[PDB]
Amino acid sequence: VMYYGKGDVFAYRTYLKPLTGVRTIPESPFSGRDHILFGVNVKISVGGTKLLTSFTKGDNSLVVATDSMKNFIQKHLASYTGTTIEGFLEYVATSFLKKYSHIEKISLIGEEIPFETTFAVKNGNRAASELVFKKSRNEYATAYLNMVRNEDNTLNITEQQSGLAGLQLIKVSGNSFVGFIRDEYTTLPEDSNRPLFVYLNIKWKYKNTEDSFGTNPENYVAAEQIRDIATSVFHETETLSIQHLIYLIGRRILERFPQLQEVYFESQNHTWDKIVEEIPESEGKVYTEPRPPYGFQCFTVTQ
C-alpha cells in the first residue's frame, strides 16, 4: 500500500446553489436543500507509482504538500457550481487529477456537517430564519468516491457510495428477540417486548454513478429521505431482531428508489437494561444504560 493525504479538511460554504427538483416520496417531506450554509469534512488520499522515492529516498520533488491539498479542497468548494456533496467530490477528484499528472488514484470521503433551521419572530410572526442555524451533532450525510487515471489517460470513477451516518433510534415497544440458541454460554433471557435502541449507518450505491451528482435532481436520493424511510419502517414493523429490521429497511429503500443498486447497513445494539418492570396505575417502566459491550450487524440488500 502506498498513499498519503489530508484528513479533517473542514470547509463551510455559504450560498451554495440550492438543491431543488428532488422527487418526493410519501415517507418524507424532503424536496431539496436551501444551502444557505453548507458544511463538509473532507478526507483526501492520493497514490501513484511515481510517489515511491518520496518514501524510499526522502525525495520531495513530486510531493504535493498535504497542506496544499487542504488549500485545493477549500478553493474548490468556493468555485463549485453544483448542489451535492457527491458532485463536489467528483469536481475535486477530476480537478486534482487534471492538475497533477503523476497522481494515478484519488479517494475522497465527504461527511456533511449538518445545521438545522431555527425560528425568529418579526412584528408578531414566527418564521424560519434565513440567518441563524443550529449545529447538529446527530445524523449526517456521507459520500465516497474513488477515481483513477487509466493508461490511455482517461479518468474513471471506480467506486462511488453515498450514506447516512449517526442515526440513533429507539422504539419503545413492538420489538422482540426470542428463539435464539440457548446453550452453556447463554444467559440472555428471551424478550417479547424490548425498547430496541439501534445505531444505524446506511450506505447506498446507484446503478448509474451520474445520478449521485444531482445534475438531474429527480434521480438523486437524499440522505434525509433515507432517514425517514428508516423511521417509518421501524415504526411499522413488529421487529424480531435488528437483523430482521435492517433487511426490511433495505427492501423499502430499494422499492422507493429503483435507481439504486444496493443498500448496506452497519447497525449497533444499544438497548437499555430494565430496572423496574411494573409501575402502579401506569404502562411505564424504568431502564438504565447497559455495560459497554454492544452487538452489531452488517448486511447488504441488492436491487
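Throughout, we count residues from 1 along the sequence that is shown. Heads up, when I say rigid core I mean the largest set of C-alphas that superpose within 1.5 Å between the two forms.
Chemist: Once the rigid core is lined up, would you tell me whether 201-209 or 124-132 has the higher RMS CA deviation in 8 other deposited structures of this protein?
Modeler: The stretch that sits farther from the shown form in 8 other deposited structures of this protein is 124-132.
Chemist: Can you check if, in at least a third of the other PDB entries compared, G21 has no modelled coordinates?
Modeler: no, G21 modelled in all other entries.
Chemist: Checking the other compared PDB entries, only those that cover the residues flanking it, does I279 lack coordinates in at least one third?
Modeler: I279: unmodelled in at least a third of the other compared entries.
Chemist: Please work out which of 42-50 and 25-33 has the higher mean CA B-factor as recorded in the PDB entry.
Modeler: Averaging CA B-factors over each stretch, the winner is 25-33.
Chemist: As stated in the PDB record, which stretch has the larger average Cα B-factor, 99-107 or 215-223?
Modeler: Stretch with the higher mean C-alpha B-factor: 215-223.
Chemist: Name the residue from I253, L240, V63, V276 with the greatest C-alpha temperature factor listed in the entry.
Modeler: Of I253, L240, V63, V276, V276 has the highest C-alpha B-factor.
Chemist: Which has the highest CA B-factor per the PDB entry: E139, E210, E112, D228?
Modeler: Each of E139, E210, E112, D228 was compared by C-alpha B-factor; the highest is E210.
Chemist: Sorting the chain's CA B-factors, does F119 end up in the lowest, middle or highest third?
Modeler: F119: CA B-factor falls in the highest third of its chain.
Chemist: Tell me, lowest, middle or highest third: where does the Cα B factor of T302 rank within its chain?
Modeler: According to the entry, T302 has a C-alpha B-factor in the chain's highest third.
Chemist: Sorting by Cα B-factor within the chain, modelled residues only, which third would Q259 end up in: lowest, middle or highest?
Modeler: Highest third, going by the recorded CA B-factors of the chain.
Chemist: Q74's Cα B-factor: lowest, middle or highest third of the chain?
Modeler: Middle third - that is where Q74 ends up once the chain's C-alpha B-factors are sorted.
Chemist: Sorting by Cα B-factor within the chain, modelled residues only, which third would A128 end up in: lowest, middle or highest?
Modeler: Within its chain, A128 is a highest-third residue by C-alpha B-factor, going by the deposited values.
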